[PDB]
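Trainee: Residue numbers (the entry's author numbering), protein chains in the order written: chain E, 4 to 26, 42 to 72; chain A, 1 to 438; chain B, 1 to 429; chain F, 1 to 99, 112 to 120, 128 to 139, 145 to 149, 182 to 364, 372 to 380.
Using N, Cα and C, we set each Cβ at its ideal position, and we do this for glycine too.
Let me give you the structure first, and then I'll get to my questions.
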Amino acid sequence: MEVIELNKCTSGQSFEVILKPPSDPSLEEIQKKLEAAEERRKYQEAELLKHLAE
Amino acid sequence: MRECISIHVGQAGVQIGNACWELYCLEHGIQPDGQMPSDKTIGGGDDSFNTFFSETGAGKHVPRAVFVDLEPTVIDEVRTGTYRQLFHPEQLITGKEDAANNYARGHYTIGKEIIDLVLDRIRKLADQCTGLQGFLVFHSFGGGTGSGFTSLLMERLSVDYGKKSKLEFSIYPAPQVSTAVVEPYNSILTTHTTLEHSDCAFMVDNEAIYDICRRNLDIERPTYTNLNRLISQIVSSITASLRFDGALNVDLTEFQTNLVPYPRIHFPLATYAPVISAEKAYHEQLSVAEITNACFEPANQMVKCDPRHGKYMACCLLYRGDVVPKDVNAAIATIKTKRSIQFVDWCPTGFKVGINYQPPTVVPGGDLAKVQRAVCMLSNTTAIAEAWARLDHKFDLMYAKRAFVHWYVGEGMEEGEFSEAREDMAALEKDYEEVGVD
Amino acid sequence: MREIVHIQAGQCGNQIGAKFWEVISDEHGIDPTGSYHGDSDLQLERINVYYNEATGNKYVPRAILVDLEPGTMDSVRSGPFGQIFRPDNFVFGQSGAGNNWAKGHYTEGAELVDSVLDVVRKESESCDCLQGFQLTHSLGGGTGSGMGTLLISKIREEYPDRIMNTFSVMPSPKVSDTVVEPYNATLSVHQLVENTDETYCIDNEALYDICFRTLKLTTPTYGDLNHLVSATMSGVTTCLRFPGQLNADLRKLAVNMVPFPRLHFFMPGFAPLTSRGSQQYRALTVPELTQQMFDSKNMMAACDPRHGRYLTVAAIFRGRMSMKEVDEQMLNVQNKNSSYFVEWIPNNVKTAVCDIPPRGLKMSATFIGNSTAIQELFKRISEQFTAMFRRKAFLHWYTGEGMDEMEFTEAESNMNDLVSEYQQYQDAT
Amino acid sequence: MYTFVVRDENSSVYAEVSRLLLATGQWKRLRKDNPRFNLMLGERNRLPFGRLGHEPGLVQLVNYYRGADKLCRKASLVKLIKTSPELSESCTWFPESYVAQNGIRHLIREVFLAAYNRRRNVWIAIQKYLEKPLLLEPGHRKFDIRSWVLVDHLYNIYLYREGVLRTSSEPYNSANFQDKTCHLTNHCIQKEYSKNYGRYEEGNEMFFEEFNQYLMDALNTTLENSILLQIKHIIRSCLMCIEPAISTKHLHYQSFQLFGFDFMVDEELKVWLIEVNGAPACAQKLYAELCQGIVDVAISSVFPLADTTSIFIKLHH
Ligand SMILES: Nc1nc2c(ncn2[C@@H]2O[C@H](COP(=O)(O)OP(=O)(O)OP(=O)(O)O)[C@@H](O)[C@H]2O)c(=O)[nH]1
Ligand SMILES: Nc1nc2c(ncn2[C@@H]2O[C@H](COP(=O)(O)OP(=O)(O)O)[C@@H](O)[C@H]2O)c(=O)[nH]1
Ligand SMILES: COc1cc(C(=O)c2c(C)oc3c(O)c(OC)ccc23)cc(OC)c1OC
Ligand SMILES: [Ca+2]
Ligand SMILES: [Mg+2]
Ligand SMILES: [Mg+2]
């Protein structure tokens with residue numbers, strides 16, 4: 004068990020103690051997914067209005 | 001000096017953001033009007049507190065922060081509350097109608113309409129930075145906005161700010177003090193979409209905070225105010241290395257280096273020092289050994305789980321108060337003899353210690369007592385996967401009947417996004433078993 | 001203050017609606033003149049939900065009163081709070097509907113419907129952020145049944161993204177005006193299944209039995225029935241009218257209570273059951289409120305919850321009370337009776353507390369259950385339906401208005417379809 | 001009213017504990033996947049400990065200790081004894097072990132050969185390292201001792217005062233290792249291969265009264281002093297060793313568990329530890345008494361009944 008990398012300053016200290024050793043989509047793609055959902059939404063809205071039409 | 005922008009999304013993120021920035025102002029001696037008499041360099045500077053505060057010519061220190069909610073009530077309380085003058089009005093962004101506890105509505109129908117404006121107000125802050133580090137994003141797993149909009153914001157931040165770090169402070173849903181039945185859905189959806197865009201995420205299980213307030217603060221029914229003041233104490237400990245002079249976790253990238261050896265396993269467990277009631281008429285001050293040993297008690301963790309049945313990949317001890325290295329090492333030697341602390345073998349069994357001499361700060365008229373020394377332990381342990389198992393089970397119980405799924409499909413989501421999200425969670429749980437179980 | 005637009009239709013609709021406005025106006029401190037003379041800011045902080053802030057510092061209900069005959073609506077104007085309403089919002093025909101769903105939906109009601117939409121649209125124009133609509137009506141009559149559902153259909157067309165909420169009084173031969181009530185109810189349920197987000201099933205059978213078996217009222221009037229309805233409508237709207245920790249609204253109610261779009265018919269229940277005359281002075285303990293509110297004798301739909309299981313539950317407590325006790329008592333009931341709650345919806349009981357009690361009580365609790373046991377009500381209606389439809393009895397009343405037998409067969413089978421969906425989840429594990 | 005669920009339909013002892021709890025009128029059994037229980041009689045494999053202790057308003061207890069598998073699996077028990085300093089390389093009561113019948117060489128690893136190569145005998149892979189087993193000369197037969205141990209939520213170690221002796225039926229021969237019967241006293245191999253199962257005692261199970269009486273008549277000693285003292289030590293040692301790893305003292309859920317310890321008594325009255333079984337069956341005569349002890353000690357202690372000695376021996380610390 005040994006202390007390593009001891010740094011001191013007026014605010015405090017920090018060190019490391021080692022006990023034992025070891026053994042994205044595009045803006046084009048984000049826009050596509052967001053608009054594919056608006057079309058899926060506007061379609062279901064159109065199904066409702068055409069159904070209310072009958 | 002490399003600046004950090006905080007983003008607070010949804011109710012939980014906004015109200016936790018308030019409690020954090022209130023704490024930050026007290027720790028740095030900044031008044032509610034934004035002035036800081038201790039700051040003798042006026043109009044600017046590259047001090048460590050400037051990581052979180054820019055300075056105006058009038059001597060005013062304003063948070064590098066953006067508050068966004070799809071609904072005005074909560075952020076309206078910011079614009080009128082104690083810290084009106086602290087924030088530029090353009091940093092407090094509200095919609096007109098919230099996501100109705102629905103990820104799909106927060107991410108698609110309502111969020112798509114406000115994403116462009118938020119990004120621009122976010123960019124207005126980035127253009128004030130000489131060397132932007134990255135973002136700290138506060139949100140709930142369960143809320144429609146905190147889950148749906150956050151994931152939408154995380155994607156666009158990755159394209160616009162490709163080289164900047166992004167850390168999360170995430171509220172994990174607890175039935176004890178939750179809001180919605182569909183919070184398991186929102187949690188799984190937002191976690192799946194955000195996983196590949198977040199560099200480090202500190203999860204806070206509302207059940208842990210709630211019981212810590214019940215047990216250690218003797219508060220019968222903790223309020224959000226009670227919870228948020230405690231969370232900010234933990235958050236302040238984690239971010240203190242960014243706002244004060246120190247050698248450990250000085251920049252956001254070092255959080256990843258020290259805490260996250262694998263990018264997907266980026267959920268460190270936080271355990272906090274002593275939580276003592278201000279109302280307690282006589283208290284005995286806990287030694288360095290007593291508070292360091294307390295870091296390995298599940299009763300003090302932000303997420304209830306058993307680290308004895310997992311493996312550590314990293315451990316950080318963040319001290320605040322009267323603490324010297326001699327006492328820390330003596331306490332670690334004592335603890336290792338009596339506790340089940342086992343690391344993955346491709347990692348050295350060792351603790352990274354940071355000490356700030358200033359004892360923790362407490363809000364006047366709060367619930368926490370003033371303490372002479374404290375510590376926040378950040379350990380990356382596979383034991384936190386218990387939380388994923390807990391959540392994924394509740395998801396499975398509802399999805400087997402496709403219960404409530406029509407509310408999401410009705411806003412444009414496909415049923416396949418649900419199963420696509422759950423499969424990523426199943427893969428996340430398998431990764432944790434690979435690293436942690438023999 | 002996401003605003004709600006209120007609509008009452010028909011004799012039942014307006015008489016129950018009038019009592020609702022009486023109760024909440026007293027709660028919010030609004031006298032019949034329209035001005036506020038109360039003591040607390042909490043009464044006004046969310047007044048915009050149900051009231052427009054009219055010129056001259058007065059509050060006007062955002063309510064539209066609709067009927068195909070002038071009788072019941074003239075008596076509302078004569079009533080204690082009839083002044084409170086806006087006169088342009090009275091929309092009436094003169095020929096009546098003769099307890100005929102066809103007259104309300106296809107003929108007589110069709111002359112008058114656009115006149116009503118013009119008023120609904122005027123009220124929605126001045127709304128900053130409309131939640132949606134709440135309608136009060138019966139299903140056994142002609143106007144509120146036939147035209148109320150036709151209104152619902154037309155409002156969904158013009159406001160497809162707003163919430164549609166109804167208080168629907170179900171007919172019972174124990175409080176029967178007419179034999180054709182099962183026809184009118186079955187046709188209207190078909191409408192409510194399609195075009196409603198949330199319906200409170202107020203069963204006149206349950207209302208009668210509570211007055212008879214519990215309040216010891218030997219001969220109960222529609223007045224005694226409407227006293228129970230008014231107290232329930234005040235209870236279920238508590239979270240909309242008063243500041244809470246939830247910031248509840250109609251959409252979040254539907255999101256959390258309705259796991260399957262068609263299964264949106266709620267069983268309501270109320271605090272201690274109280275008669276208009278009896279002012280009893282012992283306040284209830286929180287265990288009593290909880291025990292009573294889950295009791296079948298306190299349900300407003302004649303169904304036994306022990307014959308089904310709860311998909312979702314919403315409970316609202318009113319008065320000054322330890323919310324630790326409330327939490328302990330509610331967890332007690334779920335843990336003690338977990339067999340009557342579905343296990344595949346975790347945390348399916350939500351409770352909210354409001355510190356201001358209703359008038360005349362210091363403790364109160366309102367119950368909103370989405371139980372598969374509501375299928376008992378629907379198949380009771382359809383049994384009465386089929387008993388006379390297999391003989392095509394009294395159909396001429398409807399075929400003389402243009403309807404076909406085919407439309408009856410379709411409404412019948414869709415309501416039988418409704419019953420099968422409640423059944424599949426009561427046995428699902 | 002209390003609440004419990006069953007998730008191991010093949011457990012003989014918890015099927016009995018189920019019958020008793022229901023027969024108190026104060027316990028009700030829910031369907032297995034109902035999360036609103038007080039008591040979980042869980043699976044023996046992949047029990048979800050991570051889902052226990054998160055139900056508001058419920059104290060949750062389970063009949064298994066998470067991590068007790070490190071004592072109840074053959075491979076991990078060897079690595080546990082050799083690695084725990086509390087037990088050591090030099091553990092006088094565990095047969096020398098490095099990592112199915114017995115013989116000499118040829119398997120069926129470096130360090131194994133050297134110890135076997137330090138000989139100027146018999147091995148197994182009821183163990184047969186001890187070619188000097190200790191004879192029951194009213195037949196000249198071998199046995200094994202099974203003591204059932206209950207550890208409650210407070211980590212008291214309760215040793216049931218009734219133990220069983222599963223015996224071999226025919227004489228022991230020092231050169232009959234392919235003949236597995238005369239010196240492998242597993243009960244299932246004793247009902248199939250054996251020659252006269254049931255002559256000397258019923259079901260090849262001699263209880264402690266008859267056995268202690270035999271020790272007095274035949275060797276002028278007692279079961280308490282010559283054997284049980286050593287047994288009490290081995291049980292106390294193993295369970296105290298792993299207590300920091302498995303104790304639920306400061307947890308959001310509680311654990312108890314009933315273990316079965318298999319012992320081997322050599323000819324010089326020295327006790328050897330064979331195996332620890334985490335899901336053990338029980339002798340038929342003793343079922344009613346022991347399962348009543350589980351309820352009084354492990355279940356009713358956490359969930360008390362209404363107001364209206373001991374079958375265990377507490378092993379202290
Ligand atoms: N710790 C903490 N948790 C909170 C707070 N506010 C809400 N939550 C949790 O957040 C979840 C609900 O999400 P919210 O943040 O309230 O919802 P939202 O982000 O505003 O999104 P909307 O659905 O559109 O309102 C629940 O699990 C709550 O327990 C808070 O102030 N502190
Ligand atoms: N609870 C209650 N039910 C009523 C009231 N008035 C009528 N009903 C019921 O409603 C049905 C008659 O409908 P009604 O409202 O008179 O028809 P409409 O005027 O054509 O819309 C019957 O089942 C009555 O029992 C009332 O004031 N209260
Ligand atoms: C409109 O009237 C109400 C709305 C809400 C609500 O908006 C819910 C919110 C915000 O979360 C929930 C929830 O989680 C539920 O679970 C069953 C049920 C309802 C909700 C809750 C209510 O009572 C508890 C109401 O009745 C007065
Ligand atoms: Ca400066
Ligand atoms: Mg919100
Ligand atoms: Mg009538």
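Grouping DSSP H, G and I as helix and E and B as strand, with all else coil, what is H227(B)?
Mentor: Taking the third sequence and counting its residues from 1, one reaches residue 227(B) at position 227. If DSSP states are grouped into helix, strand and coil, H227(B) belongs with the helices.
Trainee: Where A58(A) and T41(A) are concerned, what is the direct C-alpha to C-alpha distance, given to the nearest angstrom?
Mentor: Here the question's residue 58(A) lines up with position 58 in the second sequence. Here the question's residue 41(A) lines up with position 41 in the second sequence. Cα to Cα, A58(A) sits roughly 12 Å from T41(A).
Trainee: In terms of residue numbering, what span does the beta strand (DSSP E) encompassing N165(B) cover?
Mentor: As a working mapping, residue 165(B) is identified with position 165 in the third sequence. That run of the beta strand (DSSP E) goes 163-170.
Trainee: Pick from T232(B), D118(B), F167(B), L187(B): whose alpha carbon is nearest that of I155(B)?
Mentor: For this step, residue 155(B) is matched to residue 155 along the third sequence. Nearest C-alpha to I155(B): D118(B).
Trainee: Helix, strand or coil for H8(A), going by three-state DSSP, please let me know.
Mentor: For the purposes of this step, residue 8(A) is taken as the residue at position 8 of the second sequence. It is a strand residue.
Trainee: For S338(B), return the contacting residues in chain F, with the cut-off set at a CB-CB distance below 8 Å.
Mentor: Here residue 338(B) corresponds to residue number 338 of the third sequence, with the count starting at 1. Going along chain F in sequence order, the residues near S338(B) (Cβ under 8 Å) are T3, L30, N34, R36.
Trainee: Taking Cβ to Cβ, would you say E22(A) is nearer than 8 Å to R64(A)?
Mentor: Indexing the second sequence from 1 puts residue 22(A) at position 22. Indexing the second sequence from 1 puts residue 64(A) at position 64. No; because the gap between Cβ atoms is not below 8 Å, this pair is not in contact.
Trainee: At 9 Å on the CB atoms, spell out the chain E contacts of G354(A), in chain order.
Mentor: Taking the second sequence and counting its residues from 1, one reaches residue 354(A) at position 354. Ordered by position in chain E, the residues that pass the 9 Å Cβ test against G354(A) are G15, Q16, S17, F18.
Trainee: Chain B beta carbons: is any one of them nearer than 8 Å to that of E97(A)?
Mentor: For the purposes of this step, residue 97(A) is identified with residue 97 of the second sequence, where counting begins at 1. So yes, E97(A) belongs to the interface.
Trainee: Who are the neighbours of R156(B) on chain E, taking C-beta pairs under 9 Å?
Mentor: Position 156 of the third sequence, counted from the first residue, corresponds to residue 156(B). Correct list: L66, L70.
Trainee: My guess is that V116(B) and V66(B) are in contact by the Cβ rule of under 8 Å, so how many angstroms apart are they, rounded?
Mentor: Within the third sequence, numbered from 1, the residue matching residue 116(B) stands at position 116. Within the third sequence, numbered from 1, the residue matching residue 66(B) stands at position 66. Contact flag correct, Cβ pair sits at about 5 Å.
Trainee: If you measure beta-carbon to beta-carbon, which residues of the stretch 292-305 of chain F are closer than 7 Å to chain A?
Mentor: Answer in chain order: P300, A301.
Trainee: Shorter than 7 Å, the distance from the beta carbon of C201(B) to the closest heavy atom of ligand 3, or not?
Mentor: Within the third sequence, residue 201(B) is the residue found at index 201, counting from 1. False, no ligand heavy atom lies under 7 Å from that Cβ.
Trainee: Evaluate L285(F) with the Cβ neighbour count: other Cβ atoms within 10 Å of its Cβ, from every protein chain shown; 16 or more gives buried, anything less gives exposed.
Mentor: Reading the fourth sequence from its first residue, position 229 is the one you call residue 285(F). With fewer than 16 other Cβ atoms within 10 Å, it is exposed.
Trainee: DSSP puts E168(A) in a beta bridge; with which residues?
Mentor: Position 168 of the second sequence, counted from the first residue, corresponds to residue 168(A). For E168(A), which the question treats as bridged, DSSP gives the partners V137(A), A201(A).
Trainee: Assign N206(A) to buried or exposed, taking buried as 16 or more other Cβ atoms, counted over all protein chains shown, within 10 Å of its Cβ.
Mentor: Your numbering for residue 206(A) matches position 206 in the second sequence. Burial call: buried.
Trainee: Identify which residue in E69(B), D39(B), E412(B) has its Cα closest to the Cα of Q191(B).
Mentor: For the purposes of this step, residue 191(B) is taken as residue 191 along the third sequence, with counting starting at 1. The shortest C-alpha separation from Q191(B) is found at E412(B).
Trainee: What in chain B is Cβ-close to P56(F), meaning under 7 Å?
Mentor: Along the fourth sequence, one-based indexing puts residue 56(F) at 56. Chain B residues near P56(F): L331.
Trainee: Identify, in the order they occur along the chain, each residue of the same chain with its Cβ nearer than 8 Å to the Cβ of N226(B), setting aside the five sequence neighbours on each side.
Mentor: Position 226 of the third sequence, counted from the start, is the residue given in the question as residue 226(B). Within the same chain, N226(B) has close Cβ partners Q15, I16, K19.
Trainee: Since I believe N99(B) is in contact with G141(B) (beta carbons under 8 Å), could you give me their beta-carbon distance rounded to a whole number of angstroms?
Mentor: Within the third sequence, residue 141(B) is the residue found at index 141, counting from 1. Within the third sequence, residue 99(B) is the residue found at index 99, counting from 1. Contact flag correct, Cβ pair sits at about 5 Å.
Trainee: Cα separation between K50(E) and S419(A)?
Mentor: Counting from one through the first sequence, the residue named residue 50(E) turns up at place 32. Counting from one through the second sequence, the residue named residue 419(A) turns up at place 419. So the alpha carbons of these two residues sit roughly 20 Å apart.
Trainee: From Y50(B), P32(B), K103(B), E383(B), pick the residue whose C-alpha is nearest to that of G400(B); which is it?
Mentor: As a working note, residue 400(B) is residue 400 in the third sequence. Taking only the C-alpha atoms, the option nearest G400(B) is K103(B).
Trainee: Give me the residue from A64(E), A55(E), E72(E), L66(E) with the minimum Cα distance to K112(A).
Mentor: Translated into positions along the second sequence, residue 112(A) becomes position 112. For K112(A), the nearest C-alpha among the options comes from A55(E).
Trainee: Identify each residue in the stretch 290-301 of chain A for which the Cβ-Cβ distance to at least one residue of chain F is less than 7 Å, and report them in chain order.
Mentor: Those residues of the stretch 290-301 of chain A that come within reach of chain F (Cβ to Cβ, closer than 7 Å) are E297, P298, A299.
Trainee: Report, in whole angstroms, the separation of the C-beta atoms of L139(B) and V113(B), which I expect to be a contact under 8 Å.
Mentor: Here residue 139(B) is taken as the residue at index 139 of the third sequence, counted from 1. Here residue 113(B) is taken as the residue at index 113 of the third sequence, counted from 1. That pair is no contact at about 18 Å.
Trainee: Kindly indicate the opening and closing residues of the alpha helix (DSSP H) around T399(B).
Mentor: What you label residue 399(B) is simply residue 399 of the third sequence in a count that begins at 1. 396-399 is the extent of the alpha helix (DSSP H) around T399(B).
Trainee: Which residues in chain F have a C-beta closer than 9 Å to the C-beta of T429(B)? List them in chain order.
Mentor: Here the question's residue 429(B) lines up with position 429 in the third sequence. Here the neighbours are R31, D33.
Trainee: Kindly give me the distance between the Cβ atoms of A403(A) and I345(B), rounded to whole angstroms, as I take these residues to be in contact under 8 Å.
Mentor: Sequence index remark: in the second sequence, residue 403(A) carries index 403 (1-based). Sequence index remark: in the third sequence, residue 345(B) carries index 345 (1-based). Indeed, because the Cβ distance is near 6 Å, the residues count as touching under 8 Å.
Trainee: What's the call for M302(A), buried or exposed, on a 16-neighbour Cβ count within 10 Å?
Mentor: For the purposes of this step, residue 302(A) is taken as residue 302 along the second sequence, with counting starting at 1. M302(A) should be labelled buried.
Trainee: Tell me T199(B)'s beta-bridge partners as DSSP assigns them.
Mentor: One-based indexing of the third sequence puts residue 199(B) at position 199. According to DSSP, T199(B) bridges with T166(B), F265(B).
Trainee: Take residue 449(A) as the anchor and find which of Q285(A), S165(A), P184(A), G162(A) has the nearest alpha-carbon.
Mentor: Nothing about residue 449(A) can be read from this structure; chain A reaches only from 1 to 438.
Trainee: Give the C-beta separation of residue 383(F) and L346(F) to the nearest angstrom, bearing in mind that I take them to be a contact with Cβ-Cβ under 8 Å.
Mentor: No answer is possible for residue 383(F): it lies beyond the span of chain F, which begins at 1 and ends at 380.
Trainee: Can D98(A) be considered in contact with ligand 5, in the sense that its beta carbon sits closer than 7 Å to one or more heavy atoms?
Mentor: Counted from its first residue, the second sequence places residue 98(A) at position 98. Yes, ligand 5 has a heavy atom inside 7 Å of this Cβ.
Trainee: Give every residue whose Cβ lies closer than 6 Å to any heavy atom of ligand 6, listed in chain order.
Mentor: Having a Cβ closer than 6 Å to some heavy atom of ligand 6 are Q11(B), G141(B), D177(B).
Trainee: What are the residues in the stretch 142-154 of chain B lying within 8 Å of chain E by C-beta distance?
Mentor: For the stretch 142-154 of chain B, which is checked against every Cβ of chain E, the residues closer than 8 Å are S153.
Trainee: Listing by chain order, which chain E residues have their CB less than 8 Å from the CB of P160(B)?
Mentor: For the purposes of this step, residue 160(B) is identified with residue 160 of the third sequence, where counting begins at 1. Simply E63, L66, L67.
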